[PDB]
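Q: Residues in the sequence shown are numbered from 5 upward in steps of one, following PDB author numbering.
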Amino acid sequence: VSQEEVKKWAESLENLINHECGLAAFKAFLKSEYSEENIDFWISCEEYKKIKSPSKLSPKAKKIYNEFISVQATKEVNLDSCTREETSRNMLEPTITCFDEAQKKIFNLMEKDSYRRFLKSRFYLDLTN
Numbered sequence: 005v006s007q008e009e010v011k012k013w014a015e016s017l018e019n020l021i022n023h024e025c026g027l028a029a030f031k032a033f034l035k036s037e038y039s040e041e042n043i044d045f046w047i048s049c050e051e052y053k054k055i056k057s058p059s060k061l062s063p064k065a066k067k068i069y070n071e072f073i074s075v076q077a078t079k080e081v082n083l084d085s086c087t088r089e090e091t092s093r094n095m096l097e098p099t100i101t102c103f104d105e106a107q108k109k110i111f112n113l114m115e116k117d118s119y120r121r122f123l124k125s126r127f128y129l130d131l132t133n
C-alpha cells in the first residue's frame, strides 16, 4: 500500500471501504474484532441501495432481515435495539431508506471504533511509519 492511499483512510471511512487494499486490510482487521458480519451486511445493504424498485426490496429484505436482523440469526449484527425494530416495521413498507439507517449505524460504529483502532492498529502504523 502506498503512503498516499493510507492517508485517505485518515480522511474518510468511504475511502477505506472504497480502496482495494483498504477492503483487504479492513476485512482482515474486522476478523480481529470478529466484526466480519459488518462487512457482509454492508455488501447486502449496498445492493439494497442500488435497487430503486420497492417491489424487489421485500423479497431480499425478509432474507436479510431474517438472516442479519433476526434475534435468532447465527450472526447478529451490532445495532441499536431501535434500529432493528425500525427495520422490522419497514418490512410492511419497504423503502430505499429502510436499511439506510442501519448502514449509517455500521458506518458510525466502525468509524467510532475501527478508525480509532485502525490509526492505532499495527497494520496502519507499519504501512504508515
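C-beta: ideal position from N, C-alpha, C; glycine also.
Under a Cβ-count criterion, where at least 16 other Cβ atoms within 10 Å of its own Cβ denotes burial, should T101 be classed as buried or exposed?
A: As a first step, residue 101 must be located in the sequence shown, where it is residue number 97. Answer is exposed; the Cβ neighbour count stays below 16.
Q: Can you name, in chain order, every residue of its own chain whose Cβ lies under 8 Å from the Cβ of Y69, other than the five neighbours on each side?
A: Translated into the one-based positions of the sequence shown, residue 69 becomes position 65. Counting only Cβ-Cβ distances below 8 Å, and skipping sequence neighbours, we find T91, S92, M95.
Q: Can you tell me the Cα-Cα spacing of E50 and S39, whole angstroms?
A: Here residue 50 refers to the residue found at position 46 of the sequence shown. Here residue 39 refers to the residue found at position 35 of the sequence shown. The straight-line gap from Cα to Cα measures roughly 17 Å.
Q: For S118, count the other beta carbons within 10 Å of its own beta carbon; 16 or more makes it buried, fewer makes it exposed. Which is it?
A: Locating residue 118 in the sequence shown gives position 114, where the first residue counts as 1. By the 10 Å Cβ count, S118 comes out buried.
Q: Which residues bound the alpha helix (DSSP H) around residue 134?
A: This structure cannot settle anything about residue 134, because the visible part of the chain is limited to 5 through 133.
Q: Suppose you measure from the CA of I47 to the CA of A65; what does that come to, to the nearest Å?
A: Position 43 of the sequence shown holds residue 47. Position 61 of the sequence shown holds residue 65. Approximately 13 Å between the Cα atoms of the pair.
Q: Mapping DSSP to helix, strand and coil, what is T99?
A: The residue labelled residue 99 in the question sits at position 95 within the sequence shown. Looking at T99 - three-state DSSP - the assignment turns out to be coil, as it is neither helix nor strand.
Q: Taking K79 as the reference, which of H23, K60, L113, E41 has the closest Cα?
A: Working through the sequence shown from its first residue, we reach residue 79 at position 75. The candidate whose alpha carbon is nearest that of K79 is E41.
Q: For the alpha helix (DSSP H) holding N112, just list the boundary residues, first then last.
A: To locate residue 112, count along the sequence shown from 1; it is residue 108. 104 to 114 is the extent of the alpha helix (DSSP H) around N112.
Q: Could you say which of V5, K12, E97 lies nearest to residue 134 if we only look at CA atoms?
A: Past the boundaries of the shown model lies residue 134; the chain is included only from 5 to 133, so the question cannot be answered.
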